[PDB]
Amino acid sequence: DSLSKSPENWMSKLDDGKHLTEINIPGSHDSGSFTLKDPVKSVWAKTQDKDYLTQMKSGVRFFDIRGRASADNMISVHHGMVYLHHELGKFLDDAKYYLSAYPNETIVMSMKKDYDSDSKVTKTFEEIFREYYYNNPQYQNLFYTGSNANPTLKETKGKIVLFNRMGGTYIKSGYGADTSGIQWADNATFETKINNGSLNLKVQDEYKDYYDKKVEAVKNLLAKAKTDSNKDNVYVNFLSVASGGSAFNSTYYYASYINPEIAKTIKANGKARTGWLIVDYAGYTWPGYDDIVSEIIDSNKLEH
């Protein structure tokens, strides 16, 4: 049966000799925003309706955690200025729970500063994450701490791999974990070397695009991935787009079009390499339409 038939443990069915970069991985954009209930706010600030555990059950393996330092020992999960009602510990604990339940999966956790620190804060965002989370004995063994820039599934399964969107860091394991960090171009499709030249990161993150331009930018990077068997190359492709347009169109509304359009394209490509595709409303189904998370999972080729 289809891998998308067992989303809760799909990675367990792959050759663990694969480099994570080579795996087609569904991600959720602003993963933590499922806590939002305020309907006026949710139009533009809510990007998911499944909680973290349910997103994992649904096969999501890449988490977009954007944060704000709200005390010298605390990072709160945020969508820009909007507080998402929990701290990073909650994500970590859920991840840790899911990984012991499904220990042949790995999670890639992207970490970004999304808003200015609370005025009492005396430490940088990167220092707080490094000291109060990554290095914290409480989360001992949860993070990938290997020295490989291009780790395999074997060496990462059971753990969270950092995907560093903080800037330069003194953390030494994970994507962009060095004193340069990742050069991220605003609202752009771009390409930049990371991990001291070891990896070429190719990103589509045109989050302010109107609809047609967004779909075209998702497909342009999709088409590139399909031609590229290089493991030293990493694709991150965000289908998520910012709210606005003809009425005051929600992030959901756009996801209801983009997700099925890309799901279908991938399905028609069969087993082509896709890269890591980051979506809004991961796991949200619409009768009659292909499901993006499911098609990303199924696009992985089992050759072993």
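The numbering used is simple: start at 1 and walk along the sequence shown.
The PDB entry records a higher mean C-alpha B factor for 243 to 251 than for its counterpart among 54 to 62 and 243 to 251. Across the two stretches, 164 to 172 and 135 to 143, the PDB entry reports the greater mean Cα temperature factor for 135 to 143. Of the residues listed, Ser28, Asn269, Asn237, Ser33, the entry assigns the biggest Cα temperature factor to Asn269. Take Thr106, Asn187, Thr227, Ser110 and read off each C-alpha B-factor from the entry; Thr227 has the highest. Among the modelled residues of its chain, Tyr289 has a C-alpha B-factor that falls in the highest third, as given in the PDB entry. Annotation for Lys46: C-alpha temperature factor in the lowest third relative to the rest of the modelled chain, per the entry.
In the deposited entry, the Cα temperature factor of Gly197 sits in the top third of values across the chain's modelled residues. Residue-level temperature factors show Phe91 in the middle third of its chain, judged at the C-alpha atom. Compared with the other modelled residues of the chain, the Cα B-factor recorded for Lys219 ranks in the lowest third.
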